[PDB]
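The next block is target-v3.tsv, given as TSV, C-alpha atoms.
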chain	number	residue	atom	x	y	z
A	1	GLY	CA	0.00	0.00	0.00
A	2	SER	CA	0.91	3.66	0.27
A	3	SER	CA	3.72	4.05	2.78
A	4	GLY	CA	2.08	5.90	5.64
A	5	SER	CA	3.80	9.27	5.84
A	6	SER	CA	2.19	12.01	7.89
A	7	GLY	CA	-1.45	11.66	6.94
A	8	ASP	CA	-3.54	13.94	9.12
A	9	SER	CA	-2.64	13.16	12.71
A	10	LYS	CA	-5.19	11.45	14.92
A	11	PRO	CA	-5.90	10.63	18.57
A	12	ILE	CA	-4.11	7.38	19.34
A	13	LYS	CA	-3.79	5.36	22.53
A	14	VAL	CA	-0.56	4.35	24.21
A	15	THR	CA	-0.57	1.71	26.93
A	16	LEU	CA	2.12	2.08	29.57
A	17	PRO	CA	4.53	-0.81	30.20
A	18	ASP	CA	2.87	-1.11	33.59
A	19	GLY	CA	-0.57	-1.68	32.10
A	20	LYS	CA	-1.83	1.86	32.54
A	21	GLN	CA	-3.24	3.60	29.49
A	22	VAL	CA	-2.67	7.08	28.11
A	23	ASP	CA	-3.87	9.23	25.24
A	24	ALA	CA	-1.56	10.24	22.42
A	25	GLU	CA	-1.65	11.46	18.84
A	26	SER	CA	-0.04	10.08	15.70
A	27	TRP	CA	2.85	12.25	14.59
A	28	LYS	CA	2.02	14.41	17.58
A	29	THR	CA	3.04	12.72	20.81
A	30	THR	CA	6.12	10.63	21.49
A	31	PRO	CA	7.24	8.00	24.01
A	32	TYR	CA	9.57	10.56	25.56
A	33	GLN	CA	6.71	12.87	26.45
A	34	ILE	CA	4.35	10.19	27.69
A	35	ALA	CA	7.04	9.25	30.18
A	36	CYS	CA	8.12	12.81	30.88
A	37	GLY	CA	4.50	13.41	31.82
A	38	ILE	CA	5.01	11.11	34.77
A	39	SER	CA	6.89	12.32	37.83
A	40	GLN	CA	10.01	14.01	36.52
A	41	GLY	CA	12.78	11.43	36.59
A	42	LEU	CA	11.05	8.47	35.00
A	43	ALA	CA	11.94	9.52	31.48
A	44	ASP	CA	15.27	10.58	32.94
A	45	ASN	CA	15.99	6.91	33.51
A	46	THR	CA	15.16	5.76	30.00
A	47	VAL	CA	16.93	4.66	26.84
A	48	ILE	CA	14.93	3.30	23.93
A	49	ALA	CA	11.15	3.19	23.89
A	50	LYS	CA	9.47	0.20	22.28
A	51	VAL	CA	6.41	0.92	20.17
A	52	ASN	CA	4.41	-2.24	19.56
A	53	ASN	CA	7.30	-4.37	20.78
A	54	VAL	CA	9.53	-2.58	18.31
A	55	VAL	CA	12.43	-0.23	18.96
A	56	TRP	CA	11.17	3.33	18.79
A	57	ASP	CA	12.96	6.65	19.10
A	58	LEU	CA	12.09	8.99	21.95
A	59	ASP	CA	12.35	11.88	19.53
A	60	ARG	CA	10.15	9.95	17.12
A	61	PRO	CA	6.39	10.30	17.64
A	62	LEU	CA	4.22	7.20	17.70
A	63	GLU	CA	2.32	6.16	14.60
A	64	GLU	CA	-0.89	4.78	16.05
A	65	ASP	CA	-2.47	2.70	18.79
A	66	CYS	CA	0.56	0.88	20.15
A	67	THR	CA	2.26	-0.07	23.39
A	68	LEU	CA	5.02	1.90	25.09
A	69	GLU	CA	7.90	0.22	26.88
A	70	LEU	CA	10.88	2.05	28.35
A	71	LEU	CA	14.15	0.15	28.25
A	72	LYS	CA	16.61	0.05	31.13
A	73	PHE	CA	19.53	0.36	28.75
A	74	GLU	CA	20.89	-0.74	25.39
A	75	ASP	CA	21.83	-4.37	24.94
A	76	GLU	CA	23.78	-5.43	21.87
A	77	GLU	CA	23.17	-2.54	19.50
A	78	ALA	CA	24.92	0.42	17.91
A	79	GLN	CA	24.31	3.25	15.47
A	80	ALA	CA	20.61	3.15	16.25
A	81	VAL	CA	20.49	5.46	19.25
A	82	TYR	CA	19.75	9.04	20.23
A	83	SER	CA	22.15	11.77	19.20
A	84	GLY	CA	23.67	14.38	21.49
A	85	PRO	CA	21.61	17.47	20.63
A	86	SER	CA	22.79	21.06	20.89
A	87	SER	CA	23.36	22.44	24.37
A	88	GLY	CA	24.34	19.43	26.45
In C-alpha coordinates, how does this file's structure come out?
Amino acid sequence: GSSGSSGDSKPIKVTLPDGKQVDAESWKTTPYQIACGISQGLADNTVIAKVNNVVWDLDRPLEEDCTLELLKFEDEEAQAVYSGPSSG
(Lines of atoms letter the chains of each structure in order from A and count residues from 1; the text may use other names and numbers.)
(Lines give C-alpha, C1' and ligand atoms only; values in the text may rest on other atoms or scores of the structure.)
Protein backbone atom coordinates (compact mmCIF):
# COMPACT_ATOMS: atom_id res chain seq x y z
CA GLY A 1 0.00 0.00 0.00
CA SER A 2 0.91 3.66 0.27
CA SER A 3 3.72 4.05 2.78
CA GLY A 4 2.08 5.90 5.64
CA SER A 5 3.80 9.27 5.84
CA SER A 6 2.19 12.01 7.89
CA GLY A 7 -1.45 11.66 6.94
CA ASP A 8 -3.54 13.94 9.12
CA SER A 9 -2.64 13.16 12.71
CA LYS A 10 -5.19 11.45 14.92
CA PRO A 11 -5.90 10.63 18.57
CA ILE A 12 -4.11 7.38 19.34
CA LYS A 13 -3.79 5.36 22.53
CA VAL A 14 -0.56 4.35 24.21
CA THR A 15 -0.57 1.71 26.93
CA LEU A 16 2.12 2.08 29.57
CA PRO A 17 4.53 -0.81 30.20
CA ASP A 18 2.87 -1.11 33.59
CA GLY A 19 -0.57 -1.68 32.10
CA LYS A 20 -1.83 1.86 32.54
CA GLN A 21 -3.24 3.60 29.49
CA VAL A 22 -2.67 7.08 28.11
CA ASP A 23 -3.87 9.23 25.24
CA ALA A 24 -1.56 10.24 22.42
CA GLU A 25 -1.65 11.46 18.84
CA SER A 26 -0.04 10.08 15.70
CA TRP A 27 2.85 12.25 14.59
CA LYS A 28 2.02 14.41 17.58
CA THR A 29 3.04 12.72 20.81
CA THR A 30 6.12 10.63 21.49
CA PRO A 31 7.24 8.00 24.01
CA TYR A 32 9.57 10.56 25.56
CA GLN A 33 6.71 12.87 26.45
CA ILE A 34 4.35 10.19 27.69
CA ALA A 35 7.04 9.25 30.18
CA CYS A 36 8.12 12.81 30.88
CA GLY A 37 4.50 13.41 31.82
CA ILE A 38 5.01 11.11 34.77
CA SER A 39 6.89 12.32 37.83
CA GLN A 40 10.01 14.01 36.52
CA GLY A 41 12.78 11.43 36.59
CA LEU A 42 11.05 8.47 35.00
CA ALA A 43 11.94 9.52 31.48
CA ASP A 44 15.27 10.58 32.94
CA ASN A 45 15.99 6.91 33.51
CA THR A 46 15.16 5.76 30.00
CA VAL A 47 16.93 4.66 26.84
CA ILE A 48 14.93 3.30 23.93
CA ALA A 49 11.15 3.19 23.89
CA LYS A 50 9.47 0.20 22.28
CA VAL A 51 6.41 0.92 20.17
CA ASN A 52 4.41 -2.24 19.56
CA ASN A 53 7.30 -4.37 20.78
CA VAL A 54 9.53 -2.58 18.31
CA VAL A 55 12.43 -0.23 18.96
CA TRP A 56 11.17 3.33 18.79
CA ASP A 57 12.96 6.65 19.10
CA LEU A 58 12.09 8.99 21.95
CA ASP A 59 12.35 11.88 19.53
CA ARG A 60 10.15 9.95 17.12
CA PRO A 61 6.39 10.30 17.64
CA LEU A 62 4.22 7.20 17.70
CA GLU A 63 2.32 6.16 14.60
CA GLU A 64 -0.89 4.78 16.05
CA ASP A 65 -2.47 2.70 18.79
CA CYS A 66 0.56 0.88 20.15
CA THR A 67 2.26 -0.07 23.39
CA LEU A 68 5.02 1.90 25.09
CA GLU A 69 7.90 0.22 26.88
CA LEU A 70 10.88 2.05 28.35
CA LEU A 71 14.15 0.15 28.25
CA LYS A 72 16.61 0.05 31.13
CA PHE A 73 19.53 0.36 28.75
CA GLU A 74 20.89 -0.74 25.39
CA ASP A 75 21.83 -4.37 24.94
CA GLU A 76 23.78 -5.43 21.87
CA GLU A 77 23.17 -2.54 19.50
CA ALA A 78 24.92 0.42 17.91
CA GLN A 79 24.31 3.25 15.47
CA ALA A 80 20.61 3.15 16.25
CA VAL A 81 20.49 5.46 19.25
CA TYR A 82 19.75 9.04 20.23
CA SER A 83 22.15 11.77 19.20
CA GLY A 84 23.67 14.38 21.49
CA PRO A 85 21.61 17.47 20.63
CA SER A 86 22.79 21.06 20.89
CA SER A 87 23.36 22.44 24.37
CA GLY A 88 24.34 19.43 26.45
For this session: Please measure the separation of CA of residue 5 (chain A) and CA of residue 50 (chain A), giving the value in Å to one decimal.
Result: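 One can read the CA of residue 5 (chain A) to CA of residue 50 (chain A) distance as 19.6 Å.
With all atoms listed in the file taken into account, every residue lying no more than 7 Å from the file point (14.3, 4.8, 15.5) is included here: residues 55, 56, 57, 60 and 80 of chain A.
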Problem set entry | Counting only C-alpha atoms, the option among A:45, A:39, A:63, A:58 closest to residue 9 (chain A) |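 Under the stated criterion, the closest residue is A:63.
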Exercise. With all atoms listed in the file as the basis for distance, which of A:47, A:54, A:18, A:85 is at the shortest distance from residue 66 (chain A)?
Worked result: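 Closest to residue 66 (chain A) of all the choices is A:54.
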Exercise. Which neighbours of residue 22 (chain A) fall inside 7 Å, counting all atoms listed in the file, when residues of the same chain fewer than 4 positions from it are skipped, and could you give them as a PyMOL selection string?
Worked result: chain A and resi 13-15
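The two atoms in question, CA of residue 4 (chain A) and CA of residue 31 (chain A), are spaced 19.2 Å apart.
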Problem set entry | Selected residue of minimal separation from residue 74 (chain A) among A:11, A:46, A:23, A:33, counting all atoms listed in the file |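 Result for the nearest residue to residue 74 (chain A): A:46.
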For this session: One decimal, Å: what's the distance from CA of residue 34 (chain A) over to CA of residue 76 (chain A), could you say?
Result: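 Straight-line distance from CA of residue 34 (chain A) to CA of residue 76 (chain A) works out to 25.6 Å.
Of the listed residues (A:69, A:59, A:75, A:64), A:69 comes nearest to residue 17 (chain A); the distances count only C-alpha atoms.
Minimum atom-to-atom distances from A:6, A:1, A:88, A:43 to residue 72 (chain A) were compared using all atoms listed in the file, and the lowest value belongs to A:43.
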Mind rebuilding region 74-85 of chain A with N, CA and C atoms and writing that out as a JSON list (two decimals), in the coordinates of the input?
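Output contents, as saved in part-v6.json:
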[["chain", "number", "residue", "atom", "x", "y", "z"],
["A", 74, "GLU", "N", 20.55, 0.00, 26.60],
["A", 74, "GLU", "CA", 20.89, -0.74, 25.39],
["A", 74, "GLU", "C", 21.38, -2.14, 25.75],
["A", 75, "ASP", "N", 21.39, -3.00, 24.74],
["A", 75, "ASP", "CA", 21.83, -4.37, 24.94],
["A", 75, "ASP", "C", 22.12, -5.01, 23.58],
["A", 76, "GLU", "N", 23.37, -4.87, 23.15],
["A", 76, "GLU", "CA", 23.78, -5.43, 21.87],
["A", 76, "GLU", "C", 23.17, -4.63, 20.72],
["A", 77, "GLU", "N", 23.66, -3.41, 20.55],
["A", 77, "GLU", "CA", 23.17, -2.54, 19.50],
["A", 77, "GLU", "C", 24.06, -1.30, 19.38],
["A", 78, "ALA", "N", 24.12, -0.77, 18.17],
["A", 78, "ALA", "CA", 24.92, 0.42, 17.91],
["A", 78, "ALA", "C", 24.34, 1.17, 16.71],
["A", 79, "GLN", "N", 24.78, 2.41, 16.57],
["A", 79, "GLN", "CA", 24.31, 3.25, 15.47],
["A", 79, "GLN", "C", 22.90, 3.76, 15.76],
["A", 80, "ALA", "N", 22.00, 2.81, 15.97],
["A", 80, "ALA", "CA", 20.61, 3.15, 16.25],
["A", 80, "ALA", "C", 20.49, 3.59, 17.71],
["A", 81, "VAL", "N", 20.59, 4.90, 17.91],
["A", 81, "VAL", "CA", 20.49, 5.46, 19.25],
["A", 81, "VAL", "C", 20.44, 6.98, 19.16],
["A", 82, "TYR", "N", 19.86, 7.59, 20.18],
["A", 82, "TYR", "CA", 19.75, 9.04, 20.23],
["A", 82, "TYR", "C", 21.06, 9.71, 19.83],
["A", 83, "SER", "N", 20.98, 11.01, 19.60],
["A", 83, "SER", "CA", 22.15, 11.77, 19.20],
["A", 83, "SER", "C", 22.26, 13.04, 20.06],
["A", 84, "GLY", "N", 23.42, 13.22, 20.65],
["A", 84, "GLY", "CA", 23.67, 14.38, 21.49],
["A", 84, "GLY", "C", 23.27, 15.67, 20.78],
["A", 85, "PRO", "N", 22.11, 16.24, 21.22],
["A", 85, "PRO", "CA", 21.61, 17.47, 20.63],
["A", 85, "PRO", "C", 22.43, 18.67, 21.10]]
